[PDB]
Structures are given as structure tokens and as C-alpha cells.
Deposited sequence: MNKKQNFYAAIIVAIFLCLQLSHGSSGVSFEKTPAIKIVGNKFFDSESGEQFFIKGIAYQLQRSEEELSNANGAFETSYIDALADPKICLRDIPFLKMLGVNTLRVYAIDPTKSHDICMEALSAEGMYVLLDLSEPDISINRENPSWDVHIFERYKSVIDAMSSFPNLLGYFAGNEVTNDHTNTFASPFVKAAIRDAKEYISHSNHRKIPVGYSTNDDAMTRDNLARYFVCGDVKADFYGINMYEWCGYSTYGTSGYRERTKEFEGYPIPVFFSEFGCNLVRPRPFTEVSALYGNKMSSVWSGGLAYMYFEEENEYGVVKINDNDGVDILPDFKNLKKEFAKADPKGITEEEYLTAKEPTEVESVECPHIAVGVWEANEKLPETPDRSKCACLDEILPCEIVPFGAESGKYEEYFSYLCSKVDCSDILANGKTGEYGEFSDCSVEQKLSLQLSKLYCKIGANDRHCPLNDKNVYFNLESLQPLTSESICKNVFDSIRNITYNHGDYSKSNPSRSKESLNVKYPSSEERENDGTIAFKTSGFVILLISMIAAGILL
């Protein structure tokens, strides 16, 4: 039974309980432990079942999870969360498969990761939403990554739309860099492709601050009227400890409740970073930390006054920020939808291949000085994306390798790169 967690839907710039029609406010906490590189606590009952009683004590209705393993089952933990009225916001990426902010690509390999997570998690009514990225652009030196994130939002939403699944919204989580934040917010709702919701990692309020002095009043005025639901995807500056979490009183108070859809404290687990509200001891048990009681009391007190779906309904294109060198370099034109079938054709017909099974940079420099690599380049500043720029890194390399091989024209099965990962593709010899 998922009865205690009816699906949440979006209307305008607010979330609503699809059953009751009442506005949904996130009272959340990030929940992520740190042969996958990441640990998927939601795939392991002995972990989630240990923590849910403590999560219940805190009074949260939402978790943010940054990484799941889509090859594992999640029904036990997802059902156990639902039985306690808890929802999940989930990143689609993982640390080893994410859009690289310094050298961005939107390709078949990352898109396949996104689809796998969607197919693993979409059956659960308590899946609140998916993030198609987290703090990808994080300052003025990497704004050209944002078009790739926008393409990911577009493609994730279309993949969901064309699937049998409930239409779980797809949004974005951003940092709070002063020089880029206005542009980022506009960009993710500009043109034809928009985030469904927008989360900000918000650490402006530290210690015993106030609505006016923290910056919260300024942020609230800035996001007034923003066309999609907005919330604090993280909060909980730890400058002053134990964290009193008095920001929670402001966030759910009258002024902010009309703009913000709540937020998620960072975070459940203590990881030698002084951000946890619990610490897992040597016996694998939960040791409650001084912050825990303060977060619990603040959430307990928080009673946001929202508006109902029906009354919101009877109440009611964004220009993309211009480009300026060194300041804002995210083109409105987005990379294409990665095409697994097109790219899979490279695996089959190319004479020279590099297996996935430091290296990449060196080989690109070598090959791209011998052949024209335009067809695999992706430029988020100028909005120029080569025909195979959506293929995997190895496919892109193999293409250039094969071009060089054909340019040489020796036709002797010697691929012109000495490396154990290079091979001649015998299928290339087979006529289609």
C-alpha cells in the first residue's frame, strides 16, 4: 500500500497532493551514505529500515537521494518510506556518470544511465521528482555546461512521457553563486525546454540569523512569480553549532510560504564534515547528534499556510539570458537527443575501435591533429554540436581512429594507434 503517499503533481509554481488538492510542502533531509563507488541505502533494507524510525522522529516527509543502483530492487525501502508518509527526490546521475562541468557532453552513455534510473524508480507513487543535474555550472567559468543539462531535462521528460510510467517531474538543483544565480534561474525556464521544478543549495542563513539579514528576504523577492516550484534542495549552514536551524521558522512562515515549496536539510549522515544529525557507530547503530533535536523541534513547529489547488487555479516564452564572454556562455540552442541506434552503428561498421575495457585526452590530441574532429565536438557556448557528438567517448574516439585508418588507406588491418584497447573490428568486413 502506498495510501499514505498519494502522488504529488505540479500546478503552476506549486506542488499539490493529487488526492486531497492541498499544497505540498517539502520538509526534507538529504539521505546518502558515502561494487559501485556510491552506496545505495535504498537497495538495502537493513540500512533504510534502521534509519526510517529516526527519520520519522525528525518529522520529514521527503528525502533527497543522490545516487541509486538501478540494477537493484527498491520496493522494500520505497514501501517502508511510503508507510511513514515519506517521498523521495532523486538525482538521475551518479559521480562516475554525470555531465562533466568542465568538458561537457550529453551522450548515449549518460542518457542510458538516466533511463535506467527512471525505469528502476518510476513505479513508486512516492517518487516526488528527478533531478537531471546538480550544480553542473557552478560559476562564471563553466556556464557552457548548462545547455547540456537542459537537453538532459528535455530528453528525460520525453523519455518519461513516451513510457508507460506516471509523469514524474524532472528538475534541476543549483548552487548559490552570486554572479551566476540570476542567469541560471532564467535559463532553466527560458525558450522551449523548461525544468519542471528548481532546487537551490541554500546556505546563506548561518547560526541565529534573520529573514532580512540572512539574505532570505532578498532571495524571496527574486523568486517571487518564478513560473515553476522552487525550494531549498539543501540548507543548513554549519558555521555555528549545534545548528539551531532557525531558518526553518522563516522558510515555512507566511512570507516565504507563498514563494518557496520548502526544503531539505543537509544531511542525515555525519561524515567527518560536521553536517550530520546522526552518526553511525562502530556497531552500525544510530547515535543521535546535538543537531537532531533542533531540526526535530523546528520541523515540528513548522506549519506552512498554503493555497489549495482549486483556489490557485482560479487565481492565475521566457527570453534566454544574452551571451557575454566570461560571464554567461550558455547558448539557447541545445545538443541533440542522444541516438543509441546511430551510435551503435559505429560499434558495428567502423574498421578501427577502442574498447571501454589520462588516456582519452592524449588520444584525442593525437587523433584530432591528424583528422578533423568537428563531428564529435560539442560547443555549449556557440551552440554547435557535431553529428556524432552524442556518441560515447569510446565511439567518438573509434570514429576518428577509423577515419585516420581510411585516410592512410593501407587496408592491412593495422589500426594506426598502438594500445591494448585498440582493435580491428572484424564485423567491419561483413557487408550489411
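Note: segments 1 to 28, 63 to 75, 358 to 363, 405 to 408, 484 to 555 of the deposited sequence have no C-alpha coordinates in the structure.
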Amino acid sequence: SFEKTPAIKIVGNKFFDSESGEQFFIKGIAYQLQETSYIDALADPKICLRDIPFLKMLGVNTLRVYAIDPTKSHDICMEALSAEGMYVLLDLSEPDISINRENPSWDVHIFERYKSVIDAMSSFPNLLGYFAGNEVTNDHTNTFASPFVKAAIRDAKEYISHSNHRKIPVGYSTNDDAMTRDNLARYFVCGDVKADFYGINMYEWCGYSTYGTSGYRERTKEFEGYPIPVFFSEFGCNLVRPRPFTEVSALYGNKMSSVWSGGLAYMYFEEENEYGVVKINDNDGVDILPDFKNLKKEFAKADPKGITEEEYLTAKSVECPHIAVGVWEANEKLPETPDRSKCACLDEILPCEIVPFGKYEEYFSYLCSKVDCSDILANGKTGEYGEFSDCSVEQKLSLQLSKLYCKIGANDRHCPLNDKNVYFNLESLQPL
From here on, numbers count along this sequence of modelled residues.
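The term rigid core refers to the maximal set of C-alpha atoms that superpose within 1.5 Å between the two forms.
Larger average C-alpha displacement in 7 other deposited structures of this protein, relative to the shown form after a rigid core fit, is seen for 358 to 366 when comparing 80 to 88 with 358 to 366. In the record comparison, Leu429 is modelled in each of the other entries of this protein that model the residues flanking it, with no third of them omitting it. Annotation: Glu35 belongs to the positions left without coordinates in at least a third of the other compared entries, with flanking residues modelled. Looking at 278 to 286 and 358 to 366 together, the entry lists the larger mean B-factor for 358 to 366, computed on C-alpha atoms. In this entry, 306 to 314 shows the higher mean Cα temperature factor of the pair 170 to 178 and 306 to 314. Annotation for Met267: CA B-factor lies in the lowest third of the chain's modelled residues.
In the deposited entry, the Cα temperature factor of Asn238 places it in the lowest third of its chain's modelled residues. Among all modelled residues in its chain, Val393 ranks in the middle third by Cα B-factor. The PDB entry assigns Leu401 a C-alpha temperature factor belonging to the lowest third of its chain's modelled residues. The deposited CA B-factor of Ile8 belongs to the middle third of values across its chain.
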